[PDB]
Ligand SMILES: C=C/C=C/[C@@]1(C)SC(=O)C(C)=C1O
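We begin with a single chain expressed as structure tokens, specifically the form solved without the ligand.
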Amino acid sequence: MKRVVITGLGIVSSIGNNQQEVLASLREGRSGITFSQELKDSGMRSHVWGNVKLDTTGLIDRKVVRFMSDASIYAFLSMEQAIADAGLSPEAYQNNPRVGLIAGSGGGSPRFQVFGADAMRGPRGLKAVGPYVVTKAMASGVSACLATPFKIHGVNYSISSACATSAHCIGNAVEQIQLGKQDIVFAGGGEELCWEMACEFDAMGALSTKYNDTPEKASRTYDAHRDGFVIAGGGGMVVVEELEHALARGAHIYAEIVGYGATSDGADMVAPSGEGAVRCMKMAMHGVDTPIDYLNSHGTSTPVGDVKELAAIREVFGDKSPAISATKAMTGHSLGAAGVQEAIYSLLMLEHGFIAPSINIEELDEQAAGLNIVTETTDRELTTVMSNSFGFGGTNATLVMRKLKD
């Protein structure tokens, strides 16, 4: 019966290496997509990506970083930011059984899986593989690599659900607190950016390929000429905390998590049914007495997906369409890190009072007609915001966050 609030945030993405840079990008509709020589050289048709523009060299202690893959590094850097932003000191969160960590990635580390296989087939065998590939490649790398250095004693595991990954991590963190098991749970995720994983999506025809010469226009949610998502990477982390506990320490509260929906389509393996999304949004709005002012859509910029989601939104809201914008048009699709990053973009909009634009729409899709899709930065006092995450395998997640009465 506990109330749950977010008291700190951290982020490393294609549009910024901290919340200050991300905020500026969001206000300006600044694209984080660039041309990738790595993707091109691999033989892929998609040569654009949402890359993290930061050299992480030396940013993490040698003895800690030896066990990590990029998803973990990104998540680790985001957690450090979150801890500082939350105002937490070591004695408050370390070696404390009421403090946990739930963070994951959608793909683990294809790069280190392959590195290990290649090394093993070489003339050096096991010696070339080394003793650190396991923690780099295992699916729970993101949580294992963070829980250990930060001395976490509470829950510790990774949740994985493709594009919905980090949204479920936050939702499950919420449940641990409601259940009275934890006081604080660091929730989020990370994802590496590499051709080893990207080629898989390109082979499936999911990625954009017609705008390689104009990377900033490849990701274009709702535009009539969109042709797939633009892959990205990065990390994000939020401090999910129980209300009394947060108030007792004088924490700064960004918002209260008032709704969480998690459903399944039980239909198609790669395309959304729309029906599961309807159920998901309704579940999250259950008991939310205020209207939704802004909705950060999943909108990956794919022909079928953008539309199914728009159809589900009409079903749920009918004529009360809330303001809508797809930030993926600026950032690209970070897969496992999308859920937490997009929850962070929404919290910043709620905190600073503006709606980030849905950029690159040259010709609005017909099925988007009649909806309030915001295409230019607009200042507006927001109170209740919603963020959708629908992943492959038909797994859906929706989070609803609302300002806590001052």
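All residue numbers refer to positions in the sequence shown, first residue = 1.
The protein also exists as the form deposited with the ligand bound; that form is not presented, and the subsequent description refers to it.
*Asks:* Under a 4.5 Å heavy atom criterion, is residue 272 part of the interface with the ligand in the entry with it bound?
*Replies:* So residue 272 counts as contacting the ligand.
*Asks:* State yes or no: in the entry with it bound, is some non-hydrogen atom of residue 163 no more than 4.5 angstroms from a non-hydrogen atom of the ligand?
*Replies:* Although the ligand is absent here, residue 163 would touch it in the entry with it bound, with heavy atoms inside 4.5 Å.
*Asks:* Check whether residue 300 has any heavy atom within 4.5 Å of a heavy atom of the ligand in the entry with it bound, and answer yes or no.
*Replies:* Yes.
*Asks:* Does the ligand come within 4.5 Å of any heavy atom of residue 242 in the entry with it bound?
*Replies:* Answer no; every heavy atom of residue 242 is more than 4.5 Å from the ligand in the entry with it bound.
*Asks:* Please pick, from 118, 315, 268, 213, the one residue with any non-hydrogen atom lying within 4.5 angstroms of the ligand in the entry with it bound.
*Replies:* Of the listed residues, the single hit is 268.
*Asks:* Which residue among 294, 260, 254, 229 has a heavy atom within 4.5 angstroms of the ligand in the entry with it bound?
*Replies:* Checked against the cut-off, the match is 229.
*Asks:* Please identify, from 244-252, 300-308, 279-287, 78-86, the stretch that has a heavy atom within 4.5 Å of the ligand in the entry with it bound.
*Replies:* Result of the contact check: 300-308.
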